[PDB]
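Written out below as C-alpha cells is the structure these notes cover.
Positions of Cβ are generated from backbone atoms using ideal geometry, with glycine treated the same way; all protein chains shown enter the neighbour counts. The numbers here are math on the coordinates, done by the rules we state, and not lab data.
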Amino acid sequence: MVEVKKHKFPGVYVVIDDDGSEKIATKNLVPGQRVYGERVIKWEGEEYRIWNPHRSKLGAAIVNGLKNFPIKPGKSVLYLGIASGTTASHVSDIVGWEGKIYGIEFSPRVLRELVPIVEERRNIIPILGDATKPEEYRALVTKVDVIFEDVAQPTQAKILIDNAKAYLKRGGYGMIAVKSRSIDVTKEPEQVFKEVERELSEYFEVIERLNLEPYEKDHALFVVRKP
Amino acid sequence: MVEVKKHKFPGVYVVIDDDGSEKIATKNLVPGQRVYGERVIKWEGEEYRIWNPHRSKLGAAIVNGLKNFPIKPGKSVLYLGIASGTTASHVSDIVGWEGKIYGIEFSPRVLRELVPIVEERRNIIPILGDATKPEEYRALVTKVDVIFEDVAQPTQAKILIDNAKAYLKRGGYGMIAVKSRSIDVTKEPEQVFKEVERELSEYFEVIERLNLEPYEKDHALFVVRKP
Amino acid sequence: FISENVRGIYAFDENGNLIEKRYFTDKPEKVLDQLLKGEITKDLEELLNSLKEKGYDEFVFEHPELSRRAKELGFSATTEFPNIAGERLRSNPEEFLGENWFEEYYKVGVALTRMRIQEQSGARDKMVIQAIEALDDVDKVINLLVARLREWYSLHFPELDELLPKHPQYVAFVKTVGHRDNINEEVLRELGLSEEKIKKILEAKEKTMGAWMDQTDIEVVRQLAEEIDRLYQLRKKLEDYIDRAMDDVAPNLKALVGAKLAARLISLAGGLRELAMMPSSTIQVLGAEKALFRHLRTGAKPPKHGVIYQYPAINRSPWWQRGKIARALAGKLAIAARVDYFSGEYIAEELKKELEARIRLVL
Amino acid sequence: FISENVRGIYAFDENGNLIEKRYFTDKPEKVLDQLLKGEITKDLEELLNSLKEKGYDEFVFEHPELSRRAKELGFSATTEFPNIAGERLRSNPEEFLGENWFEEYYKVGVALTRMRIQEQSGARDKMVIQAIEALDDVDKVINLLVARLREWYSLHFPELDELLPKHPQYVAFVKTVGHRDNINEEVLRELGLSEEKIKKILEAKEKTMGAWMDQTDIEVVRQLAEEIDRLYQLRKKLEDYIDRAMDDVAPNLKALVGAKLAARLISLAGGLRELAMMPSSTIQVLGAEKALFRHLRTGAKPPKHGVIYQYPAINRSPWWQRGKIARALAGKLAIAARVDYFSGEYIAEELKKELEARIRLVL
Amino acid sequence: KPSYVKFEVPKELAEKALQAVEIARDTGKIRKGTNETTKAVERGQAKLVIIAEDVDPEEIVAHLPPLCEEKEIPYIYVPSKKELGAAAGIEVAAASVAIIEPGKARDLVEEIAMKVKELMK
Amino acid sequence: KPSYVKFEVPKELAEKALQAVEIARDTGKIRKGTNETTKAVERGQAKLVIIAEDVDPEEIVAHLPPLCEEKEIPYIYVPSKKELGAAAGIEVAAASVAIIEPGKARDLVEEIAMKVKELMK
RNA sequence: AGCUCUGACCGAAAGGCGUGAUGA
RNA sequence: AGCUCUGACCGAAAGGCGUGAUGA
C-alpha cells in the first residue's frame, strides 16, 4: 500500500503506510545500510528510512509540528551527544554529501558502535569528547551552521552557549532538547523549562519552545538564534 | 748486649742477644717496616729483623741446620701459600732488590693482609690463586729459580711437581714443608714422609728431608732439585 | 596568536595575518592527542622559539594548560578561547587546507578516535579486576622489598632508617647516593629534602655506628633499590591502566566514586554483571570484614564497615550522621552499575547531582 | 701457539716464532680476570680470526676452556699446558716487555689482586645473611606476581596455563610473544619449546575459549612480565653475590657444603661468630624445627630433619643409614667455621677428605 | 515502548496479575519495591516477578528479566506502575514487585505462568 | 706455644686441676669431651672449664676462651690432652673438659678460681 | 568453620517517601 | 605458645673411638 510524497521540510518525506496512517521518513544516504534497525521502505528507484518519533526526539519534535528546522541539505551542523547515531543517522540523510556533521559522544563504548557506520556514510566525524570542554575538540571542528545538543546533563544550558561562542557562526541557529530533571529533579517542569529559556535568551534569541509529548515525557525542544 | 755477624747463608745473620744465646735474623729490606710484629734490632747503620723459628717453619728449618738453601740474593722464587706474609717477609729480605717473589694465597682475607706491605717492599707480587690450578696464574708469573710450597693440603706432593713443570726452570731447586696429616691423618708420619719422598723422586732428585722438631710437631722440610 | 589545526600548529598576527606555521611531523592523530589535552609538544616549542626569534614575548593559546605550562617554559602567555587564530582557521579552512579540507578533517578525525577507543571486548571487566588486585600484590611486594633494603642498608648506615621514613625517598637515596660517603649537600637536595633534612642526616654521615661496605656490597643493595624503583613505576602504569579502562567499562561508576574505588567495587562482585545485578543493600556493605573490635578480647557490640566509605563526603562527615549517607551512595551506585553494564550512556552527572543535593539533613 | 701476557695476547709459530700479538686495550687487570679463568674475550677472538686470515686452522691453548669454546665458535683447537707460547714468554720475558718487565708484571698483578679482594669489613657475615633472606623474599615476590600474570593473561589465553607449567617460559612468552595472534612456529621455538610443544599450544591458539585483548590490555600485562623477568635477574645477582662474599667470609664452609648452604647455615646462627662458637650438635639439626613446622602448624611432607641434609651425600643415601653422616658433616662444619672466623686459611680440603672417607660402614 | 520488555502483554492479563497481588497481599507475603524484589529473586523466594512498563530511567529495573531467566522465574509487565504501588501495600509507586508465598491467590497465580512460558520466546 | 692460650699456666697449678678432675668424677658429674664441654658452657652448667695446650688443629677448641669470658666462667689449660682424657673417664685423649657439680672436690675447686681471675689480664 | 544490612515512616508544618524512612 | 639431639662403645679379627660410637 505504501505511498511516499514530499514533506514540507527539505529532506523529509511522508508515507501513507499500510493502513491509513502518516509517518515521516528520510532518504537513505547509503542504500543497503541499516543503522538502528528501523523500517526501510522502497520507492521509485530508492529507499527511504522511516524515522520513528519514539526513538529520536528530533523525530518526535517534527511530528509535533516543529515550526522551523535549520537542518537542511548542505548545512554543517555540530552535534553534541551523538551516541550510537540512531538520532544523528537521519540528519545525515537530510544534510547530504556537501553536508557535514561533527558528532561528539563522551562514553567511548557507545561512540564505538558509530565508528563503523561512518565508513559507508562519510559525512559524519565521530569525535570522542566532552561538550563541557569545547576546546578539547578545538582542532577537530570547523565553525558550524547549526549546533545540536542532546546530552542530558544539568549544565546543558551553558553547554550550548559555550559551544556556540566557539563554533556556531553568526546568525546560524542551534536547537536543544531538554529533559528538565537533567537540570533539576525537584522543581516543577515548566519552571525549569522557563528558567532554561531565560538563561539562553541572555546569549541567543529563543525563537521557539516545543514540548515533546506524548512521545517523550517532560522534555521540550527549543530552538534559538545566534544574533 | 747484642752482637750481629754474618751467618753461613748469604743474606742470613746471627745475633748474640741480651744474655748468652743465638738467634737468626735478616736485614730488613725497607727500614721502618714491621710485618708480623717481630723484634727488630739495630746495627751499624741498618736494622736487622729477628727471625723466630716458632713462627716461620723455614725459620725453624734454618735453626735445625738446613743443609742447602737455594734462596739467595738475586734468585727469583715462586712462593706458594704465602699467607699474611710473616713467612715470606723474610725471604724477601734475603732475595733483595734484584730478587722477585711471586706469592700465592687462596683465602682472599689473609692475602689482603699482605697487600699493603708490598707497596713499600716491592719485590713481592701478591696473587690471589689456587695452587691446584697453576694456569689460573699462567700470565702473572715468569720462570723461577726456586719454588717454595707450604699450603697444608693433601695433594701438596703433587702440587709441587705440577708447578715445577710450568715455572721452575732446569736445575732449579724447590723446597716444600709437609705436615703429614695434611696428607694422611691416620697413617704413621715417617710412613707418609716416605711415600711422599717417593712421590717426588718420580720427578725431582730428593736432595734432603729435615724434621722440623722441636718447633713444629711432625712436619718436615724437603729439598728437591729439577733434572 | 596560536591555534592548532588537523594539519599544523598555526600562529597568527594580532590582526588577521599568518606569521608562520609548523606541520605535524609525526602522525597528526598522535600530536593532536597531546595538544588537544592541554599538553605541550616540540612541534609547538620549535614554533615559539622561532616566534621569539622574530621578537614576540606576546603569547596567547586556546587551552589553559598550553599557556600555564608555556610560562613553565619561560614565555608570558595567556589563555583565551575562540582566539583570533582558532577563529581564522575554523572560519575558512580551505584557505589553509585546499578544497578537499573536509575529507581531511575527516581522516585525521576518525583516525584520532579509533586510537582513543578500546577495541570491542567482553572480558575487560575481569581485566580491571586482575589489574586492581594485581596492584595489591605489587603492594605486598613493595613493603616487603623495602623491609629488606631498610635493615640491610642500615648495616652501613643505621641512622638514616628513621631519618627518611618516607619510603620512595629512602629508596632513591640508596639508588643514587650509593655509598655512605657519596652523599653531599648538592645531591642530598636533588632528592627532595628540606634544608634541615640535608643536615639531620649529613651530621650522621660524618660520624656513624655504621659498618663498612665496598664497591661490591653496595653495588648489590643499590641493585635492590633499582628494583623497588621499577616496582613503583609498575604501580603508576597499573592505575594508569585502571583509570583508562574504566572509561570502557563503567564510565559512570568511575565518574561517581572514582576509577580506583569503581574497579574495587567491581572486584568484590565477581565483575560488572554481578555488581549491576544486585541490590543497593548488597552494595553499601561490600568490603565488610573489618569495622573494628570490642569482642575479640574485651566485650562490646559488632557492626560493620563496607568499602564505599572512603567517599570523601562519607569520610569528612561524622558519627551520629554518616551511614545514612552510605545508604544513599549505595543506591546511585546500583543505578550506575546497570546503565554502565547495558548502555554506557553518561548519565553520571544527573545522579551525581541527585546524590549531592541528596540527604542534606538532621544532626 | 697461544698464551697470554701481563700486557697482551701472543700467538707463536710452531717453531719459536712470533706470528702476531694483540695488546690489551682495556685495563689488563680487567681482561686477564676474564682470560685466566678460561673465559674468552674480544681481544682473543680479534686474534683468532686474524690468524685465520694468515691461514691457521691449527690452534693450541693453555687452558681447557679457551680451547673448548674456541670450538664452540669456529676454530679447531686443543688444550696443552706449558705450550710453546706460554713457554716462550715466561722463558725470556725481557724480550717482549723491555728491561723493566718485572715492575710491570708487579703492577698488573698487585692491581688485579686488589680487584678480586674486598676491602676490610666486619659486617660481611651479616651482609650475606641479608642477601640470603633478601632472595628468600624475592622468591615469595616472584611466585605471587606469577599467579597474577598466570590467570590474568589466561583471560586472553586460558589454555596455556597448564601448557607451559615451567614458570620462566610462561613469562618470556607473554614478554615477547605478547598478543595471542602474534605467536608462530618460528618465534615459538625461539623460547626453548620442544617441537611437540610448538604444536600442543599452536592448535590451542587457533582454537580457544580465550577472550579478546587489544594493543592496550596486553601492553600492561606484557608490562607485568617485563617485571617478573627483571626480578629473576635480581635473583641471579643475589646468588652471584653470596657466592662471592662467601670467599671472604667462610672460604671453608663455602668449599665444604656450598656457598648457599654455607650462607643459610651462617643464617640461622645469627652470624659467623655465633656459628663457630656453638657445638656440632647444635648444628646438624637446624632447619629441623623450620621443616618440622609442617605437621602441627602450616603443614607438609613428614617432617625433615635439619638444614644440612641437603648435602648430596646425605641425600643419595638411605634411612636405616644416613643419620650418622649428618653427625659427621655436622662435626666438620663446626670446625670449618672457627677456622673461618679466626683464620680463613683454606684447610677445607683436609676435613673434606677426612669426612669423605669417614663413616664408611654397616648397611 | 520500553526496550527492556521482552514480550507483548495484553492489558488485562496484566490486570489479573495487577489484582493478583492486590489480594495476594493477604495470608501470604509479597515484598514491595525493586530493591527487596531483586532480593527475593536471587534467593529464589520469587514465585512470579511482576514489573512496570513506565519506570524511568529505563535501566533501573532493566536488569530483572535477565536475572529472572537465570533463576528460572516467570515475570510480567503491568503497564502502569502507580497502580502496582497501590496494589501492593501503599500508594507511592512500585517499579516492580514479586510474590513470595501467594497465600490468598495460591492457585490464582500460575495462570500467568502457563501464559508467560510460551509468549516469551 | 699455641696462641689460643691467654694466660701462662703453672707447670703445677695445672695438674692440680688435671688431678682436681680425676677425683671430681666421683659423686659429681664431669661431661667428658669438647662437644658436651661447649654444651655445658652455653647453659651455665660449667663450673670450671679445663682445656689442653696440645690440641690441633688449634682451632678445634680455640673458641672456648671467648665463650667463657662471656658466660662468666673460669678456665685453665692442662699442658697435655692425653693426660686429661685418662683423668676424666677414659684413656683416649680429651681436648677439654669442664666441671659440672664438682662432687668430690667441692671446695677443692675454686683454688684455681682465685688464681685464674688474677692471672688473666 | 563458612554467612545476611533493615523495609514504611521521618516531618510542627510545608509533604518527602519503595525511582528507599529509620535502625544499623 | 615459641625451643632442646644423644655421650662410650661398634669391630670375628685387624683397633677405630670424645680431634665423636650408637641411638635418634
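Here are the numbers for this structure:
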quantity: Label geometry 7 Å along the beta-carbon vector: A:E38 inter-copy distances in nm; calculated: 10.9
quantity: Neighbourhood net charge (9 Å Cβ-Cβ; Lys/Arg +1, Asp/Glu -1) for B:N123; calculated: +2
quantity: Antiparallel DSSP beta bridges within the protein assembly as shown, as percent of all bridges there, nearest 5; calculated: 60 percent
quantity: Cα lying deepest toward the dipole's positive end in the protein assembly as shown, options D:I335, A:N64, D:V146, charges on Cβ; calculated: D:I335
quantity: For the range C:326-363 and the range C:90-105, distance of Cα centres in Å; calculated: 43 Å
quantity: Cβ nearest the rotation axis (A onto B), residue from chain A and distance to the nearest whole Å; calculated: A:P108, 31
quantity: Long-range amide H partners of A:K23 with built H, under 5 Å; calculated: A:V15, A:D17
quantity: Neighbour-count ranking [beta-carbon atoms within 10 angstrom, fewest first] of B:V95, A:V15; calculated: A:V15, B:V95
quantity: Residues listed by number, the range C:228-248, amide nitrogen under 13 Å from C:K260 label point at 7 Å toward C-beta; calculated: C:235-243
quantity: Residues of type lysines that C:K52 reaches as a straight line, Cα spacing below 19 Å, ignoring anything fewer than 8 places off in the same chain; calculated: C:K21, C:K42, C:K71
quantity: Magnitude of the charge dipole, chain D, Cβ model with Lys/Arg +1 and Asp/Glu -1, debye to 20; calculated: 2280 debye
quantity: Proxy reagent accessibility, fewest Cβ within 10 Å first, across D:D240, D:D217, B:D218, C:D214; calculated: D:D240, C:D214, B:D218, D:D217
quantity: Surrounding net charge for B:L200, when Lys and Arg each add one and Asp and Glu each subtract one, Cβ distance under 14 Å; calculated: -1
quantity: Modelled FRET efficiency - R0 51 Å, C:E39 with C:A291, Cβ distances, 0.05 increments; calculated: 0.70
quantity: Shielding by partners - mean other protein chain Cβ count within 10 Å, residues of D:161-170; calculated: 0
quantity: Label geometry 7 Å along the beta-carbon vector: A:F9 inter-copy distances in nm; calculated: 12.0
quantity: J(HN,Hα) series, the range B:175-186, from Karplus relation 6.51 cos²θ - 1.76 cosθ + 1.60, nearest Hz, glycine and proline x; calculated: 9, 10, 9, 9, 8, 6, 9, 4, 8, 10, 6, 6
quantity: Residues with amide H under 5 Å from that of D:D13, placed H, sequence gap 5 or more; calculated: D:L18, D:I19
quantity: Cα-based reach from B:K57 at 14 Å (exclusive), listing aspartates and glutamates while leaving out same-chain residues under 8 positions away; calculated: B:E149, B:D150, B:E213, B:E216, B:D218
quantity: Sites D:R273 and D:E65, calculated FRET efficiency, Cβ-Cβ separation with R0 56 Å, nearest 0.05; calculated: 0.90
quantity: Residue mean of other protein chain beta carbons inside 10 Å, E:58-67; calculated: 5
quantity: Cβ-based net charge around F:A113, under 11 Å, with every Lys or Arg adding one and every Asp or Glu removing one; calculated: -1
quantity: Computed over chain F: relative contact order in percent, which uses C-alpha pairs under 8 Å that are six or more apart; calculated: 39 percent
quantity: Euclidean distance of C-alpha centroids, the range C:135-208 and the range C:268-300, integer Å; calculated: 39 Å
quantity: Under-5 Å amide H pairs with B:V40, H placed in peptide plane, nonlocal only; calculated: B:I50
quantity: Residue order, fewest to most surrounding Cβ atoms within 10 angstrom, among F:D54, A:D150, D:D161; calculated: D:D161, F:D54, A:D150
quantity: Distance violations [Cα-Cα > 23 Å] among A:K143/A:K226; C:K197/C:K260; A:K169/C:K352; B:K23/B:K217; calculated: C:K197/C:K260; A:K169/C:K352
quantity: Of all DSSP beta bridges in chain B, antiparallel share, percent nearest 5; calculated: 60 percent
quantity: The range F:86-98 - phi-based ³J(HN,Hα) in whole Hz, Karplus 6.51/-1.76/1.60, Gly and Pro as x; calculated: 4, 6, 9, x, 8, 4, 3, 3, 10, 5, 7, 9, 8
quantity: Mean separation of Cα contacts under 8 Å, 6 or more apart, over the residue count of the range A:1-51: relative contact order %; calculated: 27 percent
quantity: Extreme residue, positive dipole direction of the protein assembly as shown, given options D:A326, E:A93, D:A269 (C-beta unit charges); calculated: E:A93
quantity: Estimated 222 nm signal from helices in the protein assembly as shown, with DSSP H stretches of n ≥ 4 weighted -39500 (n - 2.57), rounded to 500; calculated: -12000 deg cm²/dmol
quantity: For the range C:270-283, 3J(HN,Hα) per residue [Karplus equation, 6.51 cos²θ - 1.76 cosθ + 1.60, θ = phi - 60°, Hz, x = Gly/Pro]; calculated: x, x, 6, 3, 5, 4, 4, 7, 10, x, 8, 7, 7, 10
quantity: C:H305-C:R230 FRET efficiency (beta carbon distance; Förster radius 30 Å; 0.05 resolution); calculated: 0.30
quantity: Cα-based reach from B:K72 at 15 Å (exclusive), listing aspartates and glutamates while leaving out same-chain residues under 8 positions away; calculated: B:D93, B:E98, B:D145
